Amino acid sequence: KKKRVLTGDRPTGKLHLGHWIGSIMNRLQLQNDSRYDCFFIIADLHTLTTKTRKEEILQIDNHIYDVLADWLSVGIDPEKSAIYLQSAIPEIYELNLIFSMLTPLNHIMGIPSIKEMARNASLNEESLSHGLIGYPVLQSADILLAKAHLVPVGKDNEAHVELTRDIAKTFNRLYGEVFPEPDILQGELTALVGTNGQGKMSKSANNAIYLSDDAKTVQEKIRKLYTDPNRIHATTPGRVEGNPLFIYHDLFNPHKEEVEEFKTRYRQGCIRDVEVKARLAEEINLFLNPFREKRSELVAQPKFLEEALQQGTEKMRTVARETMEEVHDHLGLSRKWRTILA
């Protein structure tokens, strides 16, 4: 009666506070729920859809290390959940090809993320790779190879999983019922704003606070935190609405009555930003300290990182063999000869 959950990330580097708020907290909630069996993909094949230079591919090993350390440090549990490496699941390549054959190109090119990449490519006199166009087909293979029931994804990925549902329906219609139609689990509409107040917090915008930033670094990034540009002087009445300083206090400062007093004094102008910022840094550091302590243990004994990925990959490999046996039984391309050739 247990439902399968699958979600994860391309390995791109260290995790930041936006990852925690936007997706990691929900992944812990799902993992701790007895109704679910969680699979967390480290999607190294998907990095090739945009990063193919040898120097970029070389860094994937490092990115996987950083992902495992951050995931385990916040409590993603490798015995309860299956943390696995996408490229290490041999069946993914064949299921990807099968689904490619079942997906009309016009159903991919209308996906808003793909449409935007295609418009930018044309603008720049480039052409997207066949593999990048196939991004949601490969993601559909990830989800359905696990026969997942529930898929947490960010807003820009929901349409990918809508394609996954259509691929499951097409396969089941043509060849008989094999795949659950996955349900999308939606996140918040507002990703956490970055430290410069310009868009979401992201590695590429260089406006992130990383879960692994040390105390001094958190202090410096909060010191330079974008606030209210109209608050010219320390005595000027300020705006709390839209203000990253108070967006962060609400999320990370547990002392609710202090935050409400700061907000009032800020609107009245009778508080220095240094007071509100020093306290924000103190509370983010207190929030981060237990992560840092566990991450330090994992970095000191990397066998825990290796065991995590070994255990999860072996669990996903088992599931993938069982799923593909069912796929072969229902699709049955050259079934007799492939038996003869086994």
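From 1 onward, residues are counted along the sequence shown.
If you average the C-alpha B-factors over 196-204 and over 175-183, the higher value belongs to 196-204.
As recorded in the PDB entry, 230-238 is the stretch of 85-93 and 230-238 with the greater mean C-alpha temperature factor. Of all the options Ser100, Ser129, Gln139, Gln268, the entry's greatest CA B-factor is assigned to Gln268. When the C-alpha B-factors of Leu189, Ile111, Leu144, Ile167 are read from the PDB record, the largest value belongs to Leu189.
Per the PDB record, residue ranking by Cα B-factor puts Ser34 in the highest third of the chain. The entry lists a Cα temperature factor for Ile284 that places it in the middle third of the chain's modelled residues. The deposited CA B-factor of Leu28 belongs to the middle third of values across its chain.
Looking at the C-alpha B-factors along this chain, the one for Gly134 belongs to the lowest third. Among all modelled residues in its chain, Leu150 ranks in the lowest third by Cα B-factor.
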